[PDB]
Amino acid sequence: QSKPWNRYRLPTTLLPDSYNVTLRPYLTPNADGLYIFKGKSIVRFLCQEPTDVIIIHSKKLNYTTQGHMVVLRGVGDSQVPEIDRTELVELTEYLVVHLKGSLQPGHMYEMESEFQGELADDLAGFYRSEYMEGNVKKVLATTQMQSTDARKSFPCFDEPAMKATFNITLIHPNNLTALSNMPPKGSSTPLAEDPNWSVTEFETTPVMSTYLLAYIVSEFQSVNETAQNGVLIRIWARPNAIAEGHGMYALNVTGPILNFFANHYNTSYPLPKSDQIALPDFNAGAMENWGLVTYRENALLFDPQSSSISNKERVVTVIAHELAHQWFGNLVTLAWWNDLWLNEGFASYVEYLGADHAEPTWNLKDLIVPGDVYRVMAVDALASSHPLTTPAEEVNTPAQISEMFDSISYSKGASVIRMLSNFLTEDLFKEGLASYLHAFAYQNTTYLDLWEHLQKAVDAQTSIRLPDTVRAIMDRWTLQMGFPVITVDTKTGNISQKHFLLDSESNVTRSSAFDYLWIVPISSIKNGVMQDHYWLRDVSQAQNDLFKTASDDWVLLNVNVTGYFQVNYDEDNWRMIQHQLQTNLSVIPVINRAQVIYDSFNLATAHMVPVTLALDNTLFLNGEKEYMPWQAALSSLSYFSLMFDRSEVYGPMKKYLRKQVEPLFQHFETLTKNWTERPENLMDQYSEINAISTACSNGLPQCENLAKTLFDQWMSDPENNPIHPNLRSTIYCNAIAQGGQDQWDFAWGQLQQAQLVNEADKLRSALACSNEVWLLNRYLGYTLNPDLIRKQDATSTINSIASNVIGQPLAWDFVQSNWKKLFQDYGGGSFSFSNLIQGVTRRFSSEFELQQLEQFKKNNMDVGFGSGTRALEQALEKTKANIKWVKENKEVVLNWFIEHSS
Ligand SMILES: *[C@@H]1O[C@H](CO)[C@@H](O[C@@H]2O[C@H](CO)[C@@H](O[C@@H]3O[C@H](CO)[C@@H](O)[C@H](O)[C@H]3NC(C)=O)[C@H](O)[C@H]2NC(C)=O)[C@H](O)[C@H]1NC(C)=O
Ligand SMILES: *[C@@H]1O[C@H](CO)[C@@H](O[C@@H]2O[C@H](CO)[C@@H](O[C@@H]3O[C@H](CO)[C@@H](O)[C@H](O)[C@H]3NC(C)=O)[C@H](O)[C@H]2NC(C)=O)[C@H](O)[C@H]1NC(C)=O
Ligand SMILES: *[C@@H]1O[C@H](CO)[C@@H](O[C@@H]2O[C@H](CO)[C@@H](O[C@@H]3O[C@H](CO)[C@@H](O)[C@H](O)[C@H]3NC(C)=O)[C@H](O)[C@H]2NC(C)=O)[C@H](O)[C@H]1NC(C)=O
Ligand SMILES: *[C@@H]1O[C@H](CO)[C@@H](O[C@@H]2O[C@H](CO)[C@@H](O)[C@H](O)[C@H]2NC(C)=O)[C@H](O)[C@H]1NC(C)=O
Ligand SMILES: *[C@@H]1O[C@H](CO)[C@@H](O[C@@H]2O[C@H](CO)[C@@H](O)[C@H](O)[C@H]2NC(C)=O)[C@H](O)[C@H]1NC(C)=O
Ligand SMILES: *[C@@H]1O[C@H](CO)[C@@H](O[C@@H]2O[C@H](CO)[C@@H](O)[C@H](O)[C@H]2NC(C)=O)[C@H](O)[C@H]1NC(C)=O
Ligand SMILES: *[C@@H]1O[C@H](CO)[C@@H](O[C@@H]2O[C@H](CO)[C@@H](O)[C@H](O)[C@H]2NC(C)=O)[C@H](O)[C@H]1NC(C)=O
Ligand SMILES: *[C@@H]1O[C@H](CO)[C@@H](O[C@@H]2O[C@H](CO)[C@@H](O)[C@H](O)[C@H]2NC(C)=O)[C@H](O)[C@H]1NC(C)=O
Ligand SMILES: *[C@@H]1O[C@H](CO)[C@@H](O[C@@H]2O[C@H](CO)[C@@H](O)[C@H](O)[C@H]2NC(C)=O)[C@H](O)[C@H]1NC(C)=O
Ligand SMILES: *[C@@H]1O[C@H](CO)[C@@H](O)[C@H](O)[C@H]1NC(C)=O
Ligand SMILES: *[C@@H]1O[C@H](CO)[C@@H](O)[C@H](O)[C@H]1NC(C)=O
Ligand SMILES: N[C@@H](CC(=O)O)C(=O)O
Ligand SMILES: [Zn+2]
């Protein structure tokens, strides 16, 4: 029998009731350069089953407790056994307390410890974050427990189902503010031992998981609102950020979002207050700590003067995402990390709903389709994908837990939950969701519990009828990887499903309990009129007259792409859809206008339609005003540009795209009143952004003229930038491309003096658009200078230069030559050799370029490749796939573009 302290999962013999935790960060280094924090904790736990060992999580903590590493007491009049010894077991991250007798069922115990750890700049546990305010380097103390780092801050039963209440106290410099999950109990009091420090106690948390604790000590300030029901809302940030008003947008949307969710969930916001804090360089992006949500600055803050509308959209949706969790995930918590997909999937879906409430004119709900659905299908249409579900007993180690946090969990999770709500109807979905939240509040669940409560709601009504149980249906979508292509022969109405793979030669080796058959909800529209809903059962082939069509009629499946699948038709039906989009595109919903483009390019990749059919599906775009279908085209074609932009194919490609986008350019020229005023709603603003991007990058002279005029205007008056933030990336890029060292040097100056990261990013990126070899090389020569280019930006800047057809060889030459610099920067901060390699080799599509990559590899005899080792193999493999794709497609594609470019 194995010793329990060598098992990764905690015993269930002991369960925590409540913790006191007092943490004291020292924000002044100890002069060997070391920052520490000190802590003291008491955990009260209950014995469920007799045991003579206490096993609790501890990670990178030194114990200074008097006697053993802990002191153990009985609660009330319980006796306690004597401690034999305490030991730390590093591998399974345990503090192990061996006793001289057994704890007794039903008795409670208190275990007290004193400890310290490094306050490292490592974004894990209780950690430090360094940033600049004017001349001074500032340091704050903050937390990130997700997933298994609570134990790095204090000893705890660090699994999500083992919930307890927490009484947090912070000891901090008396001029800093302390924040935690809950409000402070009252005013801070001086630390008696040293009144330069103050003590801030917080109110007891609800019963909650350790991974959701947070506590922060900083100089931060806030903007505030008190909601109608007394809930205090604050946005926290650097003093200078607050004074500039950068917190206002987040404050604006937070109250409406909380309101939306309380109603959506049929459950009151379960806390007295809501803090959200913008942290500089918080690399984890955001974290849903209950009552104190952390964000990277650029995710939470918004500067109206310099920020694009896409920035605004990022803020409202990330807020909606994190706040969603304040019920789903935090109030009701998934019992184990194998079900992370339900938590993160759910939030990734409802973030659109919450944000839509905040910005109801923006049509934000549509964006899940490009943003999650088609995004994740790119990776879920591979043989190397994996099911949403993982057996709980395969997920044990902190590394295994971290692997749960991927595209499949978030984006496919979101996609399938969205499908589920749609086929249930939202009213029904909300009923079951409410039922589930009420039943399990302050406890833990599996995804089976949600299905069960949804089934209850289905069973409690007569209007929605399903072909099987909620569980049986969702099993198809959760227990096996991938999704089907649904193919329709409209001559007969025969409809079929098969597991969709982009690589039609791929072998799937992952077996499925269902033989890769799904139970598929299929909506359809015929001649622009909604049809009865249909379910495809778990069969390869079926027939329904719903999908049978006359010779003039057309049918289209999966309205708004609510279903997690792609659709193919016979060629005749494709043509009728094409004629429709040619003649009155309004008849087909805008999302489906995009779908036709998305699906057909994937189908073409998979050899299920010819590539010319996918291209034909772009022909209608010359009359398309809306964002999504154009985005579908541009996303699908970016690979074509990547493969062909050094080839004879490019001329006709540019020409075709100029033809298509010109009318849209003209449309916006008039609509915007000579570009003086942006379109009102988000989608049209996005469409304008892309139309100007597409026009300019494909050499529409009108756009080229506009870019030069605005950049000239800016250069004559540097303090008054005349370019609207929406348009900056294109206008900067195109204008530097047309210009020489005057435009480049000016933008360089602007970059050096930029105070905002997103404006800096745009400049850095546009600078790569120069058409002068000497400028691009000189620029490369800067990328390794941390005085001129931030290290964290070096590989990014190199990639942007690689992106320039002219900068391709220069960047490639630069990376090969300075490869001897992994052994400066696999020790001096990561880099991402991996993302650098992929970017610079992305274009490679010939035998000759492969012979080059192979020759570059023969620097194996030392330095190696670091964190980018594996991505070098991927480059070699991707190049082979590129060589084969270009040989298959070059002739067909060239002659299509020639034929259609006038
Ligand atoms: C976890 O932390 C809690 C908060 O500090 C502890 O509860 C507090 O204990 C204090 C002292 O033990 C009590 O404060 C005062 O102490 C004097 C001692 O001179 C007592 O007479 C009084 O009971 C008390 N004064 C008042 C006005 O109540 C607090 O009562 C008490 N705070 C509470 C209950 O909210 C917990 O004991 C601690 N848990 C463990 C297991 O140690
Ligand atoms: C938790 O305890 C650890 C083990 O006791 C500490 O790790 C040790 O830190 C020591 C002091 O910081 C290091 O010892 C030496 O430090 C002196 C001056 O401080 C130097 O002369 C030496 O260069 C250095 N020793 C060596 C061998 O280079 C130890 O390196 C180190 N020991 C281990 C086993 O890691 C932690 O610092 C302590 N952490 C906290 C937060 O309290
Ligand atoms: C948080 O919400 C606030 C209230 O809704 C917004 O405050 C609004 O800012 C708008 C943009 O600055 C102002 O609109 C126009 O501002 C120009 C300034 O020169 C004026 O010409 C217009 O008269 C004015 N619009 C109208 C309709 O009068 C609003 O004045 C102002 N609204 C209110 C109620 O104060 C914030 O913009 C918003 N913060 C963010 C970052 O979105
Ligand atoms: C954290 O603080 C809370 C609130 O003061 C403590 O809750 C008290 O628990 C004691 C003994 O368990 C009860 O007699 C009181 O009724 C509780 N008060 C409330 C309002 O619930 C809790 O015990 C503290 N946790 C620890 C570990 O000491
Ligand atoms: C909190 O108090 C400390 C010490 O009085 C201040 O920290 C000093 O700030 C000055 C700039 O005014 C720096 O030159 C010193 O090096 C800082 N000392 C340390 C140890 O960092 C701090 O500015 C005060 N903060 C607030 C918000 O009042
Ligand atoms: C949760 O939903 C319930 C049930 O739909 C809400 O209760 C209804 O509230 C309306 C408000 O006018 C009443 O007319 C209905 O009669 C109520 N129905 C029942 C069964 O009580 C309830 O308000 C919601 N609760 C929260 C906290 O959001
Ligand atoms: C994990 O959640 C389950 C519920 O899904 C908790 O079990 C419930 O506990 C409450 C309060 O003791 C009881 O009223 C219910 O009868 C229980 N339901 C069950 C056992 O199915 C369970 O306590 C949680 N696990 C931990 C370790 O806290
Ligand atoms: C549509 O599906 C039907 C089957 O449901 C196919 O018709 C069958 O084809 C086989 C060919 O060997 C015949 O032996 C069966 O008797 C046919 N069943 C009939 C006519 O009811 C038909 O080929 C399919 N058409 C397609 C996919 O275009
Ligand atoms: C397909 O999605 C579109 C949005 O792209 C939906 O259109 C919205 O419909 C709701 C209610 O019908 C309106 O409140 C919105 O104003 C509509 N927006 C637009 C831009 O039309 C449409 O309802 C969806 N279709 C189906 C069948 O679900
Ligand atoms: C998969 O197996 C078949 C052998 O029948 C082969 O066509 C193919 O080359 C194998 N591997 C891949 C990646 O296609
Ligand atoms: C195109 O169809 C839309 C909606 O289906 C309709 O309202 C409009 O009249 C049609 N336009 C023309 C020119 O027929
Ligand atoms: N739970 C977090 C993960 C993290 O903080 O990295 C998110 O999905 O934003
Ligand atoms: Zn999340």
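The figures here come from the full heavy-atom set of this structure, side chains too, leaving out hydrogens, waters and symmetry mates. Read the numbers this way: they start at 1 and go in the same order the structure lists the ligands and their atoms. When a residue number appears, it is its place in the shown sequence, counting from 1.
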- [ ] Give the atoms of ligand 9, by number and element, whose distance to some non-hydrogen atom of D366 is under 4.0 Å.
- [x] 4 (C), 5 (O)

Task: Where ligand 9 meets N363 - atom numbers and elements under 4.0 angstrom, heavy-atom basis - done: 18 (N), 20 (C)

TODO: If you have a sec, work out which protein heavy atom is nearest atom 27 (C) of ligand 9 and how many Å separate them, to one decimal?
DONE: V559 CG1, 3.6 Å

- [ ] Do me a favour and list the nearest non-hydrogen protein atom to atom 1 (C) of ligand 9 with residue, atom name and distance?
- [x]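 Among all protein heavy atoms, the one nearest atom 1 (C) of ligand 9 is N560 ND2, 1.4 Å.
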
Return a yes/no value: protein heavy atom under 4.0 Å from [atom]?
atom: atom 13 (C) of ligand 9; value: no
atom: atom 3 (C) of ligand 2; value: yes
atom: atom 20 (C) of ligand 2; value: no
atom: atom 10 (C) of ligand 9; value: no

- [ ] Check if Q541 has a non-hydrogen atom at a distance under 4.0 Å from any atom of ligand 8.
- [x]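 A heavy atom of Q541 does come that close to ligand 8.
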
- [ ] Report the C-alpha distance between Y63 and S58 in whole Å, list the side-chain angles of each, state the deciding distance to 0.1 Å, and finish with yes or no for side chain to side chain donor-acceptor pair (under 3.5 Å).
- [x] CA-CA 10 Å; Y63 286 81; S58 175; 2.8 Å; yes

Task: Whether over 12 other heavy atoms sit under 6.0 Å from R375 CZ - done: no

- [ ] Assess whether atom NE2 of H607 is packed by more than 12 heavy atoms of other residues, nucleotides or ligands within 6.0 Å.
- [x]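 Enclosed.
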
Task: Plane angle bin for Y516 and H499 - parallel if under 30°, tilted between 30 and 60°, otherwise perpendicular - done: parallel

Task: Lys/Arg-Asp/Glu bridge criterion (N-O < 4.0 Å) met for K152, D158 - done: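 No, this pair does not count.
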
- [ ] May I ask you to say whether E624 pairs ionically with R593, meaning some side-chain N is under 4.0 Å from a carboxylate O?
- [x] yes

TODO: Go through the side-chain N and O atoms of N602 and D599 and say whether any donor and acceptor fall under 3.5 Å apart.
DONE: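 Side chains of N602 and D599: no pair found under 3.5 Å.
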
- [ ] Tell me yes or no: between the side chains of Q144 and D149, is some donor less than 3.5 Å from an acceptor?
- [x]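 No, no side-chain donor-acceptor contact under 3.5 Å.
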
TODO: Using distance alone, decide if ligand 2 has a nitrogen or oxygen within less than 3.5 Å of any nitrogen or oxygen in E118.
DONE: no

Open item on the list: Just to be sure I'm reading this right: ignoring hydrogens, which of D489, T487, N494 gets closest to atom 3 (C) of ligand 8? Compare them by their nearest heavy atoms.
Closed with: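 Residue with the shortest heavy-atom distance to the ligand atom: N494.
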
